[PDB]
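Enquirer: Mind having a look at this structure? Questions to follow.
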Amino acid sequence: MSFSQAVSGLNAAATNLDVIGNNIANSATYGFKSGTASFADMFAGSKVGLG
Amino acid sequence: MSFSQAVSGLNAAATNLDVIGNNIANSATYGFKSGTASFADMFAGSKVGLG
Amino acid sequence: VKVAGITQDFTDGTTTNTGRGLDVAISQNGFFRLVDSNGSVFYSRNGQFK
Amino acid sequence: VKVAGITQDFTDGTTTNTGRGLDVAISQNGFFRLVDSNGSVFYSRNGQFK
């Protein structure tokens, strides 16, 4: 669903930036450990995916 | 895509800077054998290399 | 007209280093095979693990 | 992030020579006690007095 993947991918980009931001802001937090999250497409098996 | 080549090159440059910095830092310490780093590209397997 | 076809381009991905001992990258053909709790069998290239 | 904290550290202060008979330093963790203009109970680390 093209619109759905558009909005959800925009939110995924925002999430990637926000993990970036919480990493950056905390870069002064002593001993702090940085984060990352994983991405996936609702690959229902149909062609490739749905979102 | 040279985006990956260039980001990898920056990582490599930063690491080289780190190692040279460590050579300099403990420069005066007795018995301190100096360190070096090595670079390579990952199999290309295409028109591209990888960085 | 109608479109009817499945295709995937299996060229190796732009390979990147990550340092973690649970990040595993594939080259050349195929996938490596996973299993689910219900005994289902599947082939994937997703290289991050725990 | 939140930022919540300010701390003044109490490591050494190198003790130096001036010669006045009323110049003082407190080696180790001590302090001085003072009243304020009317009594408010205060404590200080300044080393000069007359």
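Within each chain, counting starts at residue 1; across the structure tokens, chains are named A, B, ... in the order shown, with ligands numbered 1 upward in that order.
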Which residues, written as a PyMOL selection string, have at least one atom at most 12 Å from residue 9 (chain B), with only C-alpha atoms counted and residues fewer than 5 positions away on the same chain left out?
Expert: (chain B and resi 2-4+14-16+39-41+50-51) or (chain C and resi 16-17)
Enquirer: As a count of residues only, please: the residues near residue 44 (chain C) (cut-off 8 Å, only C-alpha atoms, same-chain neighbours under 5 positions excluded).
Expert: 4
Enquirer: Considering only C-alpha atoms, extract the chain C residues located within 10 Å of chain B and return them as a ChimeraX atom specification.
Expert: /C:11-17,27-28
Enquirer: For region 22-25 of chain B, find every residue with an atom within 12 Å (counting only C-alpha atoms), except residues of its own chain fewer than 5 positions away, and show them as a PyMOL selection string.
Expert: chain B and resi 15-17+32-37
Enquirer: Lay chain A over chain B using all C-alpha atoms, matched one to one in order, with a least-squares fit; then write it out as a compact mmCIF listing (two decimals) with N, CA, C and O atoms, in the first residue's frame.
Expert:
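The resulting part-v9.txt:
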```
# COMPACT_ATOMS: atom_id res chain seq x y z
N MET A 1 29.11 1.42 -3.31
CA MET A 1 28.11 2.38 -2.77
C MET A 1 28.82 3.65 -2.32
O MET A 1 29.48 3.67 -1.28
N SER A 2 28.68 4.71 -3.12
CA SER A 2 29.55 5.88 -2.99
C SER A 2 29.45 6.50 -1.60
O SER A 2 30.47 6.76 -0.95
N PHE A 3 28.23 6.76 -1.13
CA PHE A 3 28.06 7.29 0.22
C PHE A 3 28.71 6.38 1.26
O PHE A 3 29.41 6.85 2.16
N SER A 4 28.49 5.07 1.14
CA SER A 4 29.06 4.13 2.10
C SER A 4 30.58 4.20 2.09
O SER A 4 31.21 4.25 3.15
N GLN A 5 31.20 4.18 0.90
CA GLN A 5 32.65 4.29 0.85
C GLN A 5 33.11 5.64 1.38
O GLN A 5 34.16 5.73 2.01
N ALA A 6 32.32 6.70 1.16
CA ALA A 6 32.69 8.00 1.71
C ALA A 6 32.79 7.94 3.23
O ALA A 6 33.82 8.29 3.81
N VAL A 7 31.73 7.46 3.89
CA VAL A 7 31.74 7.44 5.35
C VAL A 7 32.80 6.48 5.86
O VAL A 7 33.53 6.79 6.81
N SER A 8 32.91 5.30 5.24
CA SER A 8 33.84 4.29 5.75
C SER A 8 35.28 4.70 5.50
O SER A 8 36.16 4.40 6.32
N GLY A 9 35.56 5.37 4.39
CA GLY A 9 36.90 5.89 4.17
C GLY A 9 37.23 7.03 5.11
O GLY A 9 38.37 7.17 5.54
N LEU A 10 36.24 7.86 5.44
CA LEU A 10 36.47 8.88 6.45
C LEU A 10 36.82 8.23 7.78
O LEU A 10 37.74 8.66 8.48
N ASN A 11 36.10 7.16 8.14
CA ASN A 11 36.40 6.43 9.36
C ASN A 11 37.76 5.75 9.28
O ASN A 11 38.46 5.63 10.29
N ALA A 12 38.15 5.27 8.10
CA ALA A 12 39.47 4.67 7.92
C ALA A 12 40.56 5.71 8.12
O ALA A 12 41.59 5.43 8.74
N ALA A 13 40.36 6.91 7.58
CA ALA A 13 41.30 8.00 7.81
C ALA A 13 41.39 8.33 9.29
O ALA A 13 42.48 8.54 9.84
N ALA A 14 40.23 8.36 9.96
CA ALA A 14 40.23 8.60 11.40
C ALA A 14 41.00 7.50 12.13
O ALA A 14 41.75 7.78 13.07
N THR A 15 40.83 6.25 11.71
CA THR A 15 41.54 5.15 12.34
C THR A 15 43.04 5.27 12.13
O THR A 15 43.83 4.99 13.04
N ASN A 16 43.46 5.66 10.93
CA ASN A 16 44.88 5.87 10.68
C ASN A 16 45.42 6.98 11.57
O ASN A 16 46.48 6.84 12.21
N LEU A 17 44.69 8.08 11.66
CA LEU A 17 45.11 9.15 12.56
C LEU A 17 45.15 8.68 14.00
O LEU A 17 45.98 9.13 14.77
N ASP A 18 44.24 7.79 14.38
CA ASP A 18 44.16 7.42 15.79
C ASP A 18 45.25 6.43 16.16
O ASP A 18 45.77 6.47 17.28
N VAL A 19 45.63 5.54 15.24
CA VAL A 19 46.85 4.76 15.45
C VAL A 19 48.03 5.71 15.57
O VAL A 19 48.89 5.55 16.45
N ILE A 20 48.06 6.75 14.74
CA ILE A 20 49.10 7.77 14.87
C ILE A 20 49.08 8.36 16.27
O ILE A 20 50.12 8.55 16.90
N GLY A 21 47.89 8.70 16.76
CA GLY A 21 47.79 9.42 18.02
C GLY A 21 48.18 8.57 19.21
O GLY A 21 48.88 9.03 20.11
N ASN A 22 47.73 7.32 19.23
CA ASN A 22 48.13 6.43 20.31
C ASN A 22 49.62 6.13 20.23
O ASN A 22 50.26 5.90 21.27
N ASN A 23 50.20 6.14 19.03
CA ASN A 23 51.65 6.04 18.91
C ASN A 23 52.33 7.26 19.52
O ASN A 23 53.27 7.13 20.32
N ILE A 24 51.87 8.45 19.15
CA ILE A 24 52.53 9.68 19.57
C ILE A 24 52.43 9.85 21.08
O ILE A 24 53.44 10.08 21.76
N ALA A 25 51.22 9.74 21.62
CA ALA A 25 51.03 9.92 23.05
C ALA A 25 51.87 8.94 23.85
O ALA A 25 52.40 9.30 24.91
N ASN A 26 52.03 7.72 23.36
CA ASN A 26 52.80 6.71 24.06
C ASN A 26 54.29 6.79 23.76
O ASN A 26 55.06 6.00 24.32
N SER A 27 54.72 7.72 22.91
CA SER A 27 56.12 7.81 22.55
C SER A 27 57.02 7.93 23.77
O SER A 27 58.22 7.65 23.67
N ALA A 28 56.48 8.34 24.92
CA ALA A 28 57.23 8.37 26.17
C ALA A 28 57.11 7.08 26.96
O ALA A 28 57.80 6.93 27.98
N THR A 29 56.27 6.14 26.53
CA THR A 29 56.14 4.87 27.22
C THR A 29 57.35 4.00 26.90
O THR A 29 57.56 3.63 25.74
N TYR A 30 58.13 3.67 27.93
CA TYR A 30 59.42 3.03 27.71
C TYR A 30 59.26 1.70 26.98
O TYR A 30 58.35 0.91 27.28
N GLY A 31 60.15 1.45 26.03
CA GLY A 31 60.14 0.22 25.27
C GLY A 31 58.91 -0.01 24.42
O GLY A 31 58.81 -1.06 23.79
N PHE A 32 57.98 0.94 24.38
CA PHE A 32 56.71 0.73 23.70
C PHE A 32 56.93 0.48 22.21
O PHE A 32 57.85 1.03 21.59
N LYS A 33 56.08 -0.36 21.64
CA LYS A 33 56.15 -0.75 20.23
C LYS A 33 55.00 -0.10 19.48
O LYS A 33 53.84 -0.19 19.90
N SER A 34 55.32 0.54 18.35
CA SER A 34 54.34 1.30 17.58
C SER A 34 53.51 0.38 16.71
O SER A 34 53.89 -0.76 16.43
N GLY A 35 52.36 0.89 16.26
CA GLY A 35 51.35 0.08 15.60
C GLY A 35 51.02 0.53 14.19
O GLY A 35 51.38 1.63 13.77
N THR A 36 50.33 -0.34 13.46
CA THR A 36 49.82 -0.03 12.13
C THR A 36 48.71 -1.02 11.80
O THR A 36 48.69 -2.15 12.31
N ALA A 37 47.78 -0.59 10.95
CA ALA A 37 46.67 -1.42 10.51
C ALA A 37 46.56 -1.40 8.99
O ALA A 37 47.05 -0.47 8.34
N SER A 38 45.93 -2.43 8.44
CA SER A 38 45.84 -2.61 7.00
C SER A 38 44.45 -2.26 6.48
O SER A 38 43.46 -2.33 7.20
N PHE A 39 44.41 -1.89 5.20
CA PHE A 39 43.21 -1.38 4.54
C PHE A 39 42.85 -2.28 3.37
O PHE A 39 43.72 -2.92 2.77
N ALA A 40 41.56 -2.33 3.04
CA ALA A 40 41.10 -3.15 1.93
C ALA A 40 39.74 -2.65 1.45
O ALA A 40 39.03 -1.95 2.18
N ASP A 41 39.41 -2.95 0.21
CA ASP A 41 38.13 -2.49 -0.34
C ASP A 41 37.29 -3.72 -0.58
O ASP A 41 37.82 -4.78 -0.86
N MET A 42 35.97 -3.59 -0.41
CA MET A 42 35.14 -4.77 -0.56
C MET A 42 35.08 -4.99 -2.03
O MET A 42 34.09 -4.67 -2.69
N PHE A 43 36.17 -5.53 -2.54
CA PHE A 43 36.26 -5.76 -3.95
C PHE A 43 35.52 -7.05 -4.24
O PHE A 43 36.07 -8.14 -4.19
N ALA A 44 34.23 -6.91 -4.54
CA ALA A 44 33.41 -8.09 -4.79
C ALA A 44 33.73 -8.70 -6.14
O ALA A 44 33.08 -9.65 -6.55
N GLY A 45 34.72 -8.14 -6.84
CA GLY A 45 35.06 -8.62 -8.16
C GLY A 45 34.36 -7.75 -9.18
O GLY A 45 34.73 -7.74 -10.35
N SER A 46 33.36 -6.99 -8.74
CA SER A 46 32.61 -6.12 -9.63
C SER A 46 33.39 -4.86 -9.91
O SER A 46 33.55 -4.03 -9.02
N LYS A 47 33.86 -4.70 -11.14
CA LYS A 47 34.68 -3.54 -11.50
C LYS A 47 35.89 -3.50 -10.58
O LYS A 47 36.95 -4.00 -10.96
N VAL A 48 35.77 -2.89 -9.40
CA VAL A 48 36.88 -2.93 -8.45
C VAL A 48 36.34 -3.32 -7.07
O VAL A 48 36.77 -4.33 -6.50
N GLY A 49 35.40 -2.55 -6.53
CA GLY A 49 34.95 -2.71 -5.17
C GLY A 49 33.57 -2.13 -4.92
O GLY A 49 32.88 -1.66 -5.83
N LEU A 50 33.18 -2.19 -3.64
CA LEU A 50 31.90 -1.68 -3.17
C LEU A 50 32.02 -0.80 -1.94
O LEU A 50 31.05 -0.12 -1.58
N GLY A 51 33.18 -0.79 -1.28
CA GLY A 51 33.40 0.01 -0.09
C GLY A 51 34.82 -0.21 0.37
O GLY A 51 35.62 -0.87 -0.30
```
